[PDB]
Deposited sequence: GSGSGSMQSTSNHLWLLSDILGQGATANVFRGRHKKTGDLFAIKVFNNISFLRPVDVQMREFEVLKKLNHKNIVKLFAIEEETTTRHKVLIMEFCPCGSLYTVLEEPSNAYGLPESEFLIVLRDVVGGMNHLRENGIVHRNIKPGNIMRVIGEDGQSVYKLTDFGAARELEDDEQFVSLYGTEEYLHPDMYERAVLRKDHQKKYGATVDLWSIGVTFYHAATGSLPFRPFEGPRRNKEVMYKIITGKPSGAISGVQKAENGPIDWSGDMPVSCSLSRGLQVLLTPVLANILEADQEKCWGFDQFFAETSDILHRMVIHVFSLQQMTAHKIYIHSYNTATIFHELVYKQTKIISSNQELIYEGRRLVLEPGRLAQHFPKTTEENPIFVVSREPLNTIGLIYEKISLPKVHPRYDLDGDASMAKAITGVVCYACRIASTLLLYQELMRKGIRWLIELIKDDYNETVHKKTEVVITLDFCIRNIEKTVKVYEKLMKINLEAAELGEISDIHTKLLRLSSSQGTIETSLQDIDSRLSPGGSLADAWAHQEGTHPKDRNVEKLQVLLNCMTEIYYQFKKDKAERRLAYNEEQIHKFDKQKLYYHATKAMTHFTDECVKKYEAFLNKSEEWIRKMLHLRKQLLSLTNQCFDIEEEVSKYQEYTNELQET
């Protein structure tokens, strides 16, 4: 294999990173240092319209823009090459081909994409550049020095991403929102793993159904899918259920998408509003909350400067528990947020260490809501392109199952923890009120009896009325004994079942699934190599056919384990939780009542304390 070069760099033609009509991108090295760079080489005026536009870029300096170092002359010809920042990881496209992201990026990653695309976008605009076609292949990923992805825009100056006016194909007239469209599609694709507008078959074969979908899209819809050949379009303003993003994030993103995926440029958002709206999301912090009675996890997207009041409102939006019914638990103890306490001063939370919320009012136990996705059928006919894409799809289904199994395990672990804490909490209450009582029994038994016992009627009415109180306290004692016994080891309120039901970390169900998944992923990546390599030799051919069966046998094993082990035991744990919750609410409601009687007893005794002493002559 051989190489072109310039004064300072050199590169294999085999080591190509990208191909456009205008130019090609290879990875090469600086000859003096050995350092990796992307070399952009143009295949072809006016001569200096380019040296100028090249110069403008060489000046651009920004975190979210692939850097243009220098411009050089290839040695063989006086052709211009651009030396650009090499990004070993590739593009957002590469990321979304990972079977792991078949149903959307992980939330944190999606947020980085959102941030960086928006940042790069702005920078161009600030400098007045318009990037006509933003798409995942345009958006380069790099590992930052802190290990987090940094996304970077390159190649400024695809059907599925072109605006309706653009899809037709008259140079856009005279000047951007059209950019917002492809950003709209890009973000949706990153959020869900899918293109938002999908004629049956492909957009490619059905360019016409596709334009009909995009133009005739009702307002608010963010997707339209044709599920059958020549069938109708299903519209939605919602994220698909299979999407990983939290309800907290979904609720914020959806409106941004609806408003930048608008056909009439009359009512598109306009950039600034888009910048303002996206930044409002990006500037929020996340507080993790888990709803114990609903068996649901939540992310609350809240500004640093927002109050607890707003926090309760946000929680209410996702749970339907009104502010005043919201009872908070954190790290074993009650959390009491003063209304005006800023979110920046709330205690630190994670998905594994959330703030729990409980109500004294009945809620339906929801649990995790997820798509039921079954394996596609494997087509026995051998095909290097077909099998690669099928391998991707089936591995995608198993990863999803794996992701859901992990969430299912988390939900049960949080439940077990939440329940443990709440029981010790109720237990405190029982002891707080059981103290008070013994402390007021002290007045009946010590004062009224013993005080007036010391030496016409009303007195006959007082000693007897008081007896009704000790009588009333006796009704209290036996109702507390009943609650204590319920809170104890034998009790109807016991923890035990939660250790007996569902699945536990030590079961290693997630790990068992990942092992199977890793087997499928090696095969998928090989089918990726088998595709690129256009024909296999006899043995390799056979081996490829074998592994096509192995994929399926691995995928079936996984789905069976998922449904019969993970889902089954999970549903058993949930149904038991439903019952334990109802008993708990009823118990707390009795104890409350026993607590209020204690106050009502306590204060009448607090009146007759004085009645012992009359005025005296003197």
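- Gaps between the deposited sequence and the modelled coordinates occur at 1 to 4, 49 to 52, 166 to 181, 194, 201 to 205, 486 to 491, 493 to 501, listed in sequence order.
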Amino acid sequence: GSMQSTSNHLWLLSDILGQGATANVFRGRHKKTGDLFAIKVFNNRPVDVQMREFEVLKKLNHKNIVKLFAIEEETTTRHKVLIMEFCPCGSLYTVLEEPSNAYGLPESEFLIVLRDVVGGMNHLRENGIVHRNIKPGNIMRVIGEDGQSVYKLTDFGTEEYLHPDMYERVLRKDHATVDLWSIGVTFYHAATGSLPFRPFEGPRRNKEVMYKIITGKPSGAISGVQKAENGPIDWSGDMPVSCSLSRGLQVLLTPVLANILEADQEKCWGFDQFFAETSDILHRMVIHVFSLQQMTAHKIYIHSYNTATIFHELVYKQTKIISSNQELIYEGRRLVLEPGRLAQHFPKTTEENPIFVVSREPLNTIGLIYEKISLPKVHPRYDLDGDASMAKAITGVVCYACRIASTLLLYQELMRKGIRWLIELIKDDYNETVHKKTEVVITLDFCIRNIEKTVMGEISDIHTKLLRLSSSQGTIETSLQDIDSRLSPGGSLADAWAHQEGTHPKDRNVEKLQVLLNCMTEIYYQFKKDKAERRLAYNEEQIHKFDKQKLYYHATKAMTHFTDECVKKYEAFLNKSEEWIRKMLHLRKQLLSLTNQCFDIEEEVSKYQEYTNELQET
From here on, numbers count along this sequence of modelled residues.
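- The stretch 224 to 232 shows the higher mean C-alpha B-factor when 224 to 232 is compared against 100 to 108 in the entry.
- In this crystal structure, the stretch out of 242 to 250 and 428 to 436 whose C-alpha atoms carry the higher mean B factor is 428 to 436.
- In this structure the maximum Cα B-factor among 510, 358, 130, 82 is found at 130.
- In this structure the maximum Cα B-factor among 556, 33, 64, 43 is found at 43.
- In this PDB entry, the Cα temperature factor of residue 590 sits in the middle third of its chain's modelled residues.
- Placement of the Cα temperature factor of residue 54 within the chain: highest third of the modelled residues, per the deposited record.
- Ranked by Cα temperature factor within the chain, residue 136 sits in the middle third according to the deposited record.
- Sorting the modelled residues of the chain by their CA temperature factor places residue 566 in the lowest third.
- Residue 198 sits in the middle third of its chain by CA B factor, as recorded in the PDB entry.
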